[PDB]
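Comments concern the structure below.
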Amino acid sequence: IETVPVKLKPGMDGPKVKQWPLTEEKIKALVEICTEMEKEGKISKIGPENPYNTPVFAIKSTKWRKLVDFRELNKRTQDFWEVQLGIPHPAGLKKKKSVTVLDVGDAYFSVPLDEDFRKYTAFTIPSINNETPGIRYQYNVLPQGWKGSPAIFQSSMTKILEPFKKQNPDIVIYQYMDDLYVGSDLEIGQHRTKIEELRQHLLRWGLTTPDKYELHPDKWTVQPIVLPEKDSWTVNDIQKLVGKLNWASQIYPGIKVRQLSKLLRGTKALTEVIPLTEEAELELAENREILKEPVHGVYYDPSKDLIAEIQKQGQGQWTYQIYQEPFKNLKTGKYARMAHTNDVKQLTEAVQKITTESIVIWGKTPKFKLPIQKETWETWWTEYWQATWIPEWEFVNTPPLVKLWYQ
Amino acid sequence: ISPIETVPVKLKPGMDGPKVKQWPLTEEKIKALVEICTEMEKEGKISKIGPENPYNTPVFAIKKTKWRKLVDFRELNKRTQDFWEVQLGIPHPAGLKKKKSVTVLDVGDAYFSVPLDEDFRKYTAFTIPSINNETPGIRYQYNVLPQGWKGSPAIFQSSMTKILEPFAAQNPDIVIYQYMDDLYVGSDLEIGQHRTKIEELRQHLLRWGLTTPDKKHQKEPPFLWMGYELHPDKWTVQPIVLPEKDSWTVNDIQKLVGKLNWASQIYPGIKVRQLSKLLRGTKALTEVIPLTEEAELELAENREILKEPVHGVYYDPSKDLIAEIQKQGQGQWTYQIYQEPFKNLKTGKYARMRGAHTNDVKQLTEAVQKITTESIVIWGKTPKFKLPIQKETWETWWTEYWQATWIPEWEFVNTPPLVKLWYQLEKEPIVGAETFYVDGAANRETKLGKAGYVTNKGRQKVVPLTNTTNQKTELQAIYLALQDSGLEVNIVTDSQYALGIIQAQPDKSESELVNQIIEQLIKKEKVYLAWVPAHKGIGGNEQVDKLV
Ligand SMILES: CCC(=O)N(C)CCOc1ccccc1Oc1cc(Cl)cn2cc(C#N)cc12
C-alpha cells in the first residue's frame, strides 16, 4: 500500500537522545524481540550515516515487551499529528459511568512507513561495559509510541469502527496513541459484554486486542479542602488552623480569620486549651462553606500545557493537583496503594493513574513535577511501567513547607 | 584499498563543497609532496584529475627521515553530514572476564584501506602548487577515507565490524573487541590453538586489505592501554606521579586533582575535598594559590596511600557482586566493589558538594544511587549492598522523608562510623514546656540586626547583631531560645526559611550557626518547632516581632 508522506516541522532536525544503560537481562530481551522483528520486516539494521537515536526500554505478564520513548520525535512532528492529521477529542467521554481501555497498537505494524522518514526512528540496543557499539535499527512500519502512527491509521480505524458505532450510537470511542477508550452507561455486566462485542468485531476485521482498565469517571472533580474537625481546640490547633486558612486565601479569596486570630491575643503556651468565641466560631462555619464550593475563573486553556504536581503523604498515600496556572486547579485527587509495595512503585502507579485521567478529560497528558531524585527515577521507572505512552517530567528539589495543606 | 561496500555520504542540507585556496610554500615541501602523491596514486588511494572540479582544500607538509603530507579538512568537515557517534566511553578493566590468552593487533593504514563513497570523492579535491604559480597545479582527490575527515572514524569502525562478521561466525569462542585502530582478541583455547586462530584472523583481514603485525611484532602483557596496566590475572592504574612544588598554579591543581580522581578507581581512600575547595572561584589558569593547611594534610595522606601499589581483579559472573560503603568525614564517602574478600573489582568516592545543608542518611542514599548506576554500566546488574546503617535508622528516615527513595537488598555492617539520626523533632507540642515566641530581623542597607524571644512565663530577651541578614537573624532567634531553655522547649517562629532548615534535620552544614543549632538540638530532650504566618497578629508572635 501507498505511504503517507511525513514532513518535520520546518527547521527541525531528527532526534538525538542518548540511550540509558540497561540490565543485561533487559538487553537480552531486547535483542530477542528485535531479532524477531527484523525477521518480519518491521525493522532493519542501519549504518553510521544515520545519526539519529531514540531510547528503547524493556517492560512487562511473564513476557518482555519493548517500549520506545518517542517523546522527542513527537515534539518534532507535532505539526503532522496535531494539525495536519489531528484526531479530535470528544468532551463527552469524561461523563460516562464506565470507560474501558483497549490496546489496539498491533494494528500499526502492518502499514508501511514513508521511506524518507524511516531514518528518524533509529534506536540502539546498548552493550554492557561499552564493549560493542550497540545494535542499530530503524522502523519500516509505523511504530508504537509515535503519535503519527494513529494519525496515519485513523482513517482505517474509522472504517473498521463504523459498523459497531451504528449498532451502539451511545458508546463513546476515542483513540489516543495505541489505545481505544470506550465509555458507556450500561450496568457493569452489560458494559463488559459490550466490550467483548467490540473486541470480537475488531478481531473479525484483523485487529488483534490483547485480553483474557475499568475507570469510573463520575467521581473525577477538584476534591474540596478539609479544615480539621475537633471537639476541643488549643493554641497550636488554632495556630495550625489559622495557617492553613491563610494559605487557602490565595485560592479562595473570601475567607476570614480576624476573629480566630484574637482567640490567642496574649502569648499563651502552646498546649493551652482555649475555647472559641461567638465572634470566632462565626468564621469556622463561614469559612467551611466558602470552601465546600468551587473556585471561579477556572477554565481549561487548550493552547497551554497541563502541569501535574504530586506530594508524598505517608502510609501509601499520595495527593496530586493538575493546573495550568498557579492556584487554579483543573483537578485534584488522592491515590492510595493497597506490604509488597514500595515508594517508587507507588509514585509510578500514581503517574500512570494521573495520565490516564488526563487523557480522558482533555486528550493530552500533563508534565509532572516528580518528588524524587532524578537518577533514581531514571533507573527504576521502567520496572513498574505498564503504559505504552510516556509523559514529560521533571524533578522537584525543594520540599513542600506544609504537607497536610493539600491532604 | 578494499572490495568493501562504500557507505553513502551527503553534505549538510543546502551546502556545497569546499573551495578554499592553496597558499604556496617551500619548494622543498612542494617536491616532497609529489613524492608522496605518486606513491599514493600508484597504490590507488588518490586518483589524479582536475579539469572541471571546482572545489579545493589546503595541504601542508611536515617532518618526523621522511616528510608527511597534511590536509586541513576543517572547512570540509564543517559541511559533511552528522554521523552516528563513535563510542563515547571506553570499557572498564573491572568489567572484563579473564581469558586464557589475549592478543593485541593494530591495523596500519586503517583509514586508507577503506574505500570512500564515489559520488562524494569530488569534494576531497586538493592541489599541489607549481613553482611561482607560473604553472597549472597537480589536481588530485581521494578514493579512500581521508585522515581527519568527520566521517572517517565511524565508517572505518562499521567496515571493520562487517569484515569481522564471517570470522566471528566460524569462531564463536574467540572474543574480539574493537577500539579505534586496534583489535583485542581473547580465548580460552590452549596456546597452540590460539596462535593458529590468530594467524587465520590476520589472513582473513589481509584478504580484505588490512595489514597487521606478526608475532614478531605482537605486543605482550602487561598492557599499557588508556592509562591502565592490564596483567594476565590483575589490573591496576599506570604509575601515578604527584609533583612536589612550592608554588602551585590553578592549572596545576586541576592536573593534580585529575591524577587523584584517576587513582581513586583502585587506590582506596583518596580524598579530594580540601584540594578541590581551592579551585572554587578560579578563572586565571596561572593565578598562584596558597596550599591551605588542611589541603596540605590531605595531599600528604594521599601520598601515603600511593606509596605501595595495589591491584584489582577481573569479573567472574559466577560469583555474586558486593559493594561496601564507609563514611570518610566532611561529606566524603568511599566504596569498594568486590566478589572476594581480599581483592576488589574497583573502588571510588562520592562527595555531595551539592546543597549547603544535608544529612548523613540522605548522603548515603545518593551514594548508593551512584554505585547502582555504575554497576549497571560495567557489569549489567546491581550489587548487594553492605551498609553502615541499621534498618530502623533508615526505615525511620524514608517513611518520613518528602521524596520517594528506593534501596535494594542491603545488610548491616557494624563498622564505625555508623550512620544515625542524631535528633528528632516532636510531632506534637510538649506539655510542661516553656513556649518561646522567637523572631528576628535585619536591615539590608545597615547590615545591623537583632534577634529575641518572648515566653509564656513572661521571660524576654533581645540581642543586637552586626553584619547579618533577615535569614541569619531568624536562625539566631532559634539559637537564642535553645540556649536559654530547659531540656524540653516549644519554639514558635514566623519564618519558613528557618522552619525549612530545621525540618530537613541536617547533621552538618557550611554555616557555623546551623552547626551550633545542631549541637543544641542533640543536647535537648524534646524540641517541638512550629510555624505561624507573620504580621497576622496570631498572638505571642505579634508581641515578639514588635520587640525586633
Ligand atoms: C585475562 C585477561 C587479560 O590478559 N586481559 C588483558 C583482560 C581480558 O580481556 C580481554 C578479553 C577478550 C579480548 C581481549 C581482552 O583484552 C583486552 C580487552 C579490552 Cl576491553 C581492551 N584491551 C586493551 C588491550 C591492550 N593493549 C587488551 C585488551
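A note on labels: chains of the C-alpha cells are A, B, ... as shown, every chain counts residues from 1, and ligands are counted from 1 in their shown order.
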
*Hey, what's within 7 Å of residue 47 (chain B) if we count only C-alpha atoms and toss same-chain stuff fewer than 6 positions away? As number ranges by chain, please?*
B: 41, 140-143

*asked:* as an MDAnalysis selection string, please: every residue in region 199-260 of chain B that a backbone DSSP assignment puts in helix (DSSP H, G or I).
replied: chainID B and resid 199:207 215:217 250:260

Deliver the residues from the most recent selection as a file, using N, CA and C atoms, as a compact mmCIF listing (two decimals), in the first residue's frame.
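That gives us out.txt:
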# COMPACT_ATOMS: atom_id res chain seq x y z
N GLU B 199 46.57 -16.33 13.46
CA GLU B 199 47.09 -16.24 12.11
C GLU B 199 45.98 -16.37 11.06
N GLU B 200 44.91 -17.07 11.41
CA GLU B 200 43.75 -17.19 10.49
C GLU B 200 43.11 -15.81 10.39
N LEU B 201 42.90 -15.17 11.53
CA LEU B 201 42.29 -13.84 11.57
C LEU B 201 43.12 -12.86 10.77
N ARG B 202 44.44 -12.88 10.95
CA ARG B 202 45.30 -11.98 10.17
C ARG B 202 45.13 -12.23 8.67
N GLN B 203 45.07 -13.51 8.27
CA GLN B 203 44.91 -13.82 6.85
C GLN B 203 43.55 -13.37 6.34
N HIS B 204 42.50 -13.60 7.13
CA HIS B 204 41.20 -13.04 6.80
C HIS B 204 41.30 -11.53 6.57
N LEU B 205 41.84 -10.81 7.57
CA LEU B 205 41.92 -9.35 7.46
C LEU B 205 42.74 -8.94 6.26
N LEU B 206 43.74 -9.74 5.92
CA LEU B 206 44.63 -9.40 4.82
C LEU B 206 43.94 -9.54 3.46
N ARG B 207 43.04 -10.52 3.32
CA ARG B 207 42.29 -10.66 2.07
C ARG B 207 41.38 -9.46 1.86
N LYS B 215 53.62 -12.22 15.08
CA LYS B 215 54.07 -12.45 16.48
C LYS B 215 55.41 -11.74 16.64
N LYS B 216 56.15 -11.58 15.54
CA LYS B 216 57.48 -10.93 15.60
C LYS B 216 57.30 -9.44 15.90
N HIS B 217 56.05 -9.02 16.14
CA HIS B 217 55.77 -7.60 16.43
C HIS B 217 54.49 -7.48 17.27
N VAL B 250 46.83 27.44 39.39
CA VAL B 250 45.46 26.95 39.20
C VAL B 250 45.44 25.85 38.16
N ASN B 251 46.18 26.03 37.07
CA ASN B 251 46.31 24.96 36.09
C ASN B 251 46.82 23.68 36.74
N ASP B 252 47.81 23.80 37.62
CA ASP B 252 48.47 22.63 38.21
C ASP B 252 47.63 21.94 39.28
N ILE B 253 46.67 22.62 39.90
CA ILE B 253 45.78 21.93 40.82
C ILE B 253 44.75 21.11 40.05
N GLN B 254 44.29 21.62 38.91
CA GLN B 254 43.45 20.81 38.03
C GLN B 254 44.17 19.53 37.63
N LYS B 255 45.40 19.66 37.12
CA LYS B 255 46.17 18.49 36.70
C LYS B 255 46.39 17.51 37.86
N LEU B 256 46.47 18.02 39.09
CA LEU B 256 46.72 17.15 40.24
C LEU B 256 45.43 16.50 40.73
N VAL B 257 44.34 17.28 40.77
CA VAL B 257 43.03 16.74 41.10
C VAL B 257 42.60 15.71 40.06
N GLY B 258 43.12 15.82 38.84
CA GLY B 258 42.94 14.80 37.83
C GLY B 258 43.55 13.48 38.24
N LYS B 259 44.88 13.44 38.40
CA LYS B 259 45.55 12.19 38.72
C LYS B 259 44.98 11.57 39.99
N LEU B 260 44.44 12.39 40.89
CA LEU B 260 43.93 11.83 42.14
C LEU B 260 42.61 11.10 41.92

*Write as a PyMOL selection string the residues around ligand 1, taking 9 Å as the cut-off and counting only C-alpha atoms and all ligand atoms.*
(chain A and resi 129-131) or (chain B and resi 90-105+174-179+182-187+219-226+229-235+314)

*For chain B, work out the contacting residues on chain A at 7 Å, counting only C-alpha atoms, and write them as a ChimeraX atom specification.*
/A:21-24,48-51,128-131,133,239,243,261-262,264-271,312,314,343-344,371-372,376,399,401

Residue selection dump (C-alpha atoms) as an mmCIF file, in the first residue's frame:
data_model
loop_
_atom_site.group_PDB
_atom_site.id
_atom_site.type_symbol
_atom_site.label_atom_id
_atom_site.label_comp_id
_atom_site.auth_asym_id
_atom_site.auth_seq_id
_atom_site.Cartn_x
_atom_site.Cartn_y
_atom_site.Cartn_z
ATOM 1 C CA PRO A 21 22.377 1.743 30.076
ATOM 2 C CA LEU A 22 20.354 -1.390 30.776
ATOM 3 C CA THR A 23 20.489 -4.540 32.851
ATOM 4 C CA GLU A 24 21.910 -7.490 30.933
ATOM 5 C CA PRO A 48 26.921 5.030 10.524
ATOM 6 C CA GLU A 49 25.494 7.644 8.161
ATOM 7 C CA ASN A 50 22.287 7.587 10.230
ATOM 8 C CA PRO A 51 22.952 9.884 13.207
ATOM 9 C CA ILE A 128 27.383 -3.756 28.589
ATOM 10 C CA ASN A 129 30.616 -2.015 29.606
ATOM 11 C CA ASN A 130 30.693 -0.217 26.220
ATOM 12 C CA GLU A 131 32.253 -3.404 24.784
ATOM 13 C CA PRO A 133 28.993 -0.084 19.540
ATOM 14 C CA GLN A 239 -2.289 28.170 65.006
ATOM 15 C CA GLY A 243 -2.102 28.924 59.000
ATOM 16 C CA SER A 261 -6.589 35.287 65.419
ATOM 17 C CA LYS A 262 -7.681 37.292 68.502
ATOM 18 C CA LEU A 264 -4.915 33.947 71.081
ATOM 19 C CA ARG A 265 -4.184 37.653 71.741
ATOM 20 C CA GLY A 266 -1.614 37.140 74.545
ATOM 21 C CA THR A 267 1.499 34.965 74.478
ATOM 22 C CA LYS A 268 -0.203 31.822 75.769
ATOM 23 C CA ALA A 269 1.505 28.425 75.965
ATOM 24 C CA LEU A 270 1.244 26.001 73.038
ATOM 25 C CA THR A 271 -0.812 23.364 74.871
ATOM 26 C CA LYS A 312 4.041 12.166 49.355
ATOM 27 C CA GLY A 314 2.654 8.866 54.307
ATOM 28 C CA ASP A 343 7.794 4.237 47.361
ATOM 29 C CA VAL A 344 8.850 4.110 43.717
ATOM 30 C CA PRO A 371 9.309 14.403 44.192
ATOM 31 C CA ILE A 372 12.216 12.023 43.619
ATOM 32 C CA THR A 376 16.856 7.177 40.946
ATOM 33 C CA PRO A 399 10.009 20.079 49.525
ATOM 34 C CA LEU A 401 6.527 23.573 53.554
#

_Neighbouring residues of residue 296 (chain A) were defined as those with any atom within 12 Å, considering only C-alpha atoms; residues of the same chain fewer than 4 positions away were excluded. Please report them as an NGL selection string._
:A and (251-254 or 290-291 or 327-330)

_Report, in Å to a single decimal, how far apart CA of residue 535 (chain B) and CA of residue 405 (chain A) are._
20.2 Å

*Give me the residues within 6 Å of region 338-340 of chain B as a ChimeraX atom specification, counting only C-alpha atoms and dropping any in the same chain fewer than 5 places off.*
/B:320-322,345

Please, could you write that set of residues out with C-alpha atoms as a short mmCIF file (atom, residue, chain, number, x, y, z; two decimals), in the first residue's frame?
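Result went into out-v6.cif, see below:
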data_model
loop_
_atom_site.label_atom_id
_atom_site.label_comp_id
_atom_site.auth_asym_id
_atom_site.auth_seq_id
_atom_site.Cartn_x
_atom_site.Cartn_y
_atom_site.Cartn_z
CA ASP B 320 27.96 -12.51 43.46
CA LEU B 321 28.59 -8.77 43.28
CA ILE B 322 29.12 -6.97 46.58
CA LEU B 345 37.00 -5.27 41.36
#

*Within 9 Å of residue 108 (chain A) using only C-alpha atoms, minus same-chain residues under 4 positions, as a PyMOL selection string*: chain A and resi 104+112+141-144+149-150+152-153+178

Got time to write the residues from that selection, N, CA and C atoms, as a PDB file, in the first residue's frame?
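Generated output (part.pdb):
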ATOM      1  N   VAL A 104      -4.889  -1.314  21.080  1.00  0.00           N
ATOM      2  CA  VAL A 104      -5.072  -1.624  19.665  1.00  0.00           C
ATOM      3  C   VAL A 104      -3.797  -1.301  18.904  1.00  0.00           C
ATOM      4  N   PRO A 112       3.089   0.179   6.076  1.00  0.00           N
ATOM      5  CA  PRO A 112       4.451   0.691   5.882  1.00  0.00           C
ATOM      6  C   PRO A 112       4.589   2.159   6.280  1.00  0.00           C
ATOM      7  N   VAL A 141       7.827   0.068   9.389  1.00  0.00           N
ATOM      8  CA  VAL A 141       6.379   0.174   9.546  1.00  0.00           C
ATOM      9  C   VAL A 141       6.098   1.233  10.604  1.00  0.00           C
ATOM     10  N   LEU A 142       4.839   1.653  10.717  1.00  0.00           N
ATOM     11  CA  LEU A 142       4.503   2.642  11.733  1.00  0.00           C
ATOM     12  C   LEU A 142       4.823   2.103  13.126  1.00  0.00           C
ATOM     13  N   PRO A 143       5.554   2.846  13.957  1.00  0.00           N
ATOM     14  CA  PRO A 143       5.874   2.381  15.313  1.00  0.00           C
ATOM     15  C   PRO A 143       4.858   2.745  16.384  1.00  0.00           C
ATOM     16  N   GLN A 144       4.726   1.836  17.346  1.00  0.00           N
ATOM     17  CA  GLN A 144       4.020   2.194  18.575  1.00  0.00           C
ATOM     18  C   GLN A 144       4.776   3.279  19.347  1.00  0.00           C
ATOM     19  N   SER A 149       1.651   7.509  14.082  1.00  0.00           N
ATOM     20  CA  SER A 149       1.085   6.215  13.709  1.00  0.00           C
ATOM     21  C   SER A 149      -0.438   6.253  13.747  1.00  0.00           C
ATOM     22  N   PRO A 150      -1.078   6.634  14.847  1.00  0.00           N
ATOM     23  CA  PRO A 150      -2.540   6.587  14.877  1.00  0.00           C
ATOM     24  C   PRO A 150      -3.170   7.678  14.038  1.00  0.00           C
ATOM     25  N   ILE A 152      -1.996   8.545  11.171  1.00  0.00           N
ATOM     26  CA  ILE A 152      -1.960   7.970   9.837  1.00  0.00           C
ATOM     27  C   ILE A 152      -2.980   6.857   9.707  1.00  0.00           C
ATOM     28  N   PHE A 153      -3.138   6.066  10.752  1.00  0.00           N
ATOM     29  CA  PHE A 153      -4.008   4.906  10.710  1.00  0.00           C
ATOM     30  C   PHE A 153      -5.457   5.278  10.956  1.00  0.00           C
ATOM     31  N   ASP A 178      -1.871   4.265  21.140  1.00  0.00           N
ATOM     32  CA  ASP A 178      -2.191   2.863  20.766  1.00  0.00           C
ATOM     33  C   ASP A 178      -3.341   2.292  21.595  1.00  0.00           C
TER      34      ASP A 178
END

*Which value, in Å to one decimal, gives the distance between CA of residue 283 (chain A) and CA of residue 404 (chain A)?*
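It comes out at 20.8 Å.
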
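Those residues that approach residue 19 (chain B) to within 12 Å, counting only C-alpha atoms, are residues 53, 54, 55, 56, 57, 58, 73, 75, 76, 79, 122, 123, 124, 125, 126 and 127 of chain B; same-chain residues fewer than 5 positions away are not listed.
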
*A:99, A:249, A:127, A:288 ranked by distance to residue 224 (chain A), top pick (using only C-alpha atoms)*: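 Of all the options, A:288 lies closest to residue 224 (chain A).
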
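Of the residues under consideration (A:367, A:65, A:9, A:16), A:65 shows the shortest atom-to-atom contact distance to residue 32 (chain A) when counting only C-alpha atoms.
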
*Do a neighbour search on region 78-93 of chain A at 9 Å with only C-alpha atoms, toss out local chain neighbours closer than 3 positions, and write the hits as a ChimeraX atom specification.*
/A:6-9,73-75,96,99,147-152,154,172-176,181-184,217,360-363

Same residues, N, CA, C and O atoms, saved as a CSV table (one decimal), in the first residue's frame:
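Writing done, so here's part35.csv:
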chain,number,residue,atom,x,y,z
A,6,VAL,N,5.5,12.2,5.4
A,6,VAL,CA,5.6,12.8,6.7
A,6,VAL,C,6.7,13.8,6.6
A,6,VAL,O,7.8,13.4,6.2
A,7,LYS,N,6.4,15.1,6.9
A,7,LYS,CA,7.5,16.1,7.0
A,7,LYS,C,7.6,16.6,8.4
A,7,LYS,O,6.7,16.7,9.2
A,8,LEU,N,8.9,17.0,8.7
A,8,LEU,CA,9.2,17.5,10.0
A,8,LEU,C,8.8,19.0,10.1
A,8,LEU,O,8.8,19.7,9.0
A,9,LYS,N,8.6,19.5,11.3
A,9,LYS,CA,8.5,21.0,11.5
A,9,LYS,C,9.6,21.7,10.8
A,9,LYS,O,10.8,21.3,11.1
A,73,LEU,N,10.9,12.7,19.3
A,73,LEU,CA,10.4,12.7,17.9
A,73,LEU,C,8.9,13.2,17.9
A,73,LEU,O,8.5,13.8,16.9
A,74,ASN,N,8.1,13.0,18.9
A,74,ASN,CA,6.8,13.5,18.9
A,74,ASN,C,6.8,15.0,18.8
A,74,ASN,O,6.0,15.6,18.0
A,75,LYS,N,7.6,15.7,19.6
A,75,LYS,CA,7.6,17.2,19.6
A,75,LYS,C,8.0,17.7,18.2
A,75,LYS,O,7.6,18.7,17.8
A,96,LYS,N,-19.4,9.4,31.0
A,96,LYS,CA,-19.8,8.0,31.1
A,96,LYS,C,-19.4,7.4,32.4
A,96,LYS,O,-18.4,7.8,33.1
A,99,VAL,N,-15.5,3.5,31.6
A,99,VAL,CA,-14.6,3.6,30.5
A,99,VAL,C,-13.7,2.4,30.5
A,99,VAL,O,-13.0,2.2,31.5
A,147,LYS,N,3.3,9.4,17.7
A,147,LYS,CA,2.0,10.0,17.6
A,147,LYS,C,1.4,10.0,16.1
A,147,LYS,O,0.2,10.1,15.9
A,148,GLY,N,2.3,10.0,15.1
A,148,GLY,CA,1.9,9.9,13.8
A,148,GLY,C,1.3,8.6,13.4
A,148,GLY,O,0.6,8.5,12.4
A,149,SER,N,1.7,7.5,14.1
A,149,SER,CA,1.1,6.2,13.7
A,149,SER,C,-0.4,6.3,13.7
A,149,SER,O,-1.1,6.0,12.7
A,150,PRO,N,-1.1,6.6,14.8
A,150,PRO,CA,-2.5,6.6,14.9
A,150,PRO,C,-3.2,7.7,14.0
A,150,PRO,O,-4.3,7.5,13.5
A,151,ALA,N,-2.5,8.8,13.9
A,151,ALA,CA,-2.9,9.9,13.0
A,151,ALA,C,-3.0,9.3,11.6
A,151,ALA,O,-4.0,9.5,10.8
A,152,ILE,N,-2.0,8.5,11.2
A,152,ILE,CA,-2.0,8.0,9.8
A,152,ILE,C,-3.0,6.9,9.7
A,152,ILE,O,-3.6,6.7,8.7
A,154,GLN,N,-5.7,6.5,11.4
A,154,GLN,CA,-7.1,6.9,11.8
A,154,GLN,C,-8.1,6.5,10.7
A,154,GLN,O,-9.1,5.8,11.1
A,172,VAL,N,-19.2,5.8,23.5
A,172,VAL,CA,-18.1,6.7,23.0
A,172,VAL,C,-16.8,6.0,22.9
A,172,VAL,O,-16.5,5.2,23.7
A,173,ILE,N,-16.1,6.2,21.7
A,173,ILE,CA,-14.9,5.6,21.4
A,173,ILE,C,-13.9,6.6,21.0
A,173,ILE,O,-14.1,7.4,20.0
A,174,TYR,N,-12.7,6.7,21.7
A,174,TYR,CA,-11.7,7.7,21.4
A,174,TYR,C,-10.3,7.0,21.4
A,174,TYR,O,-10.1,6.0,22.0
A,175,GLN,N,-9.5,7.5,20.5
A,175,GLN,CA,-8.2,6.9,20.2
A,175,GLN,C,-7.1,7.8,20.6
A,175,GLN,O,-7.0,9.0,20.2
A,176,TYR,N,-6.2,7.4,21.6
A,176,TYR,CA,-5.0,8.1,22.0
A,176,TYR,C,-3.8,7.2,21.8
A,176,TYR,O,-3.8,6.1,22.5
A,181,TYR,N,-10.4,4.2,24.1
A,181,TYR,CA,-11.1,4.4,25.3
A,181,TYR,C,-12.6,4.3,25.0
A,181,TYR,O,-13.1,5.1,24.1
A,182,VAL,N,-13.3,3.4,25.6
A,182,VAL,CA,-14.7,3.1,25.3
A,182,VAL,C,-15.5,3.4,26.6
A,182,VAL,O,-15.4,2.6,27.6
A,183,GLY,N,-16.4,4.4,26.5
A,183,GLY,CA,-17.3,4.7,27.6
A,183,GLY,C,-18.8,4.5,27.3
A,183,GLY,O,-19.3,5.2,26.4
A,184,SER,N,-19.4,3.7,28.1
A,184,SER,CA,-20.9,3.5,28.1
A,184,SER,C,-21.5,4.0,29.4
A,184,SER,O,-20.8,4.5,30.3
A,217,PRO,N,-15.4,7.5,35.5
A,217,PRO,CA,-15.0,8.9,35.6
A,217,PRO,C,-16.1,9.8,36.2
A,217,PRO,O,-16.1,11.0,35.9
A,360,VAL,N,-8.5,11.1,29.3
A,360,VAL,CA,-10.0,11.0,29.2
A,360,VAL,C,-10.5,12.5,29.3
A,360,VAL,O,-11.5,12.8,28.6
A,361,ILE,N,-10.0,13.3,30.1
A,361,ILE,CA,-10.7,14.6,30.4
A,361,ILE,C,-10.3,15.7,29.4
A,361,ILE,O,-11.1,16.5,29.0
A,362,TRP,N,-9.1,15.7,28.9
A,362,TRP,CA,-8.6,16.7,28.0
A,362,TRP,C,-8.0,16.2,26.7
A,362,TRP,O,-7.7,17.0,25.8
A,363,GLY,N,-7.6,14.9,26.6
A,363,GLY,CA,-7.0,14.4,25.4
A,363,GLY,C,-5.5,14.8,25.2
A,363,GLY,O,-5.0,14.9,24.1

_In region 79-175 of chain A, DSSP strand (DSSP E or B) residues written as an MDAnalysis selection string_ = chainID A and resid 98:103 112 123:125 135:139 141 172:175

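For the pair CA of residue 48 (chain B) and CA of residue 17 (chain B), the separation is 17.9 Å.
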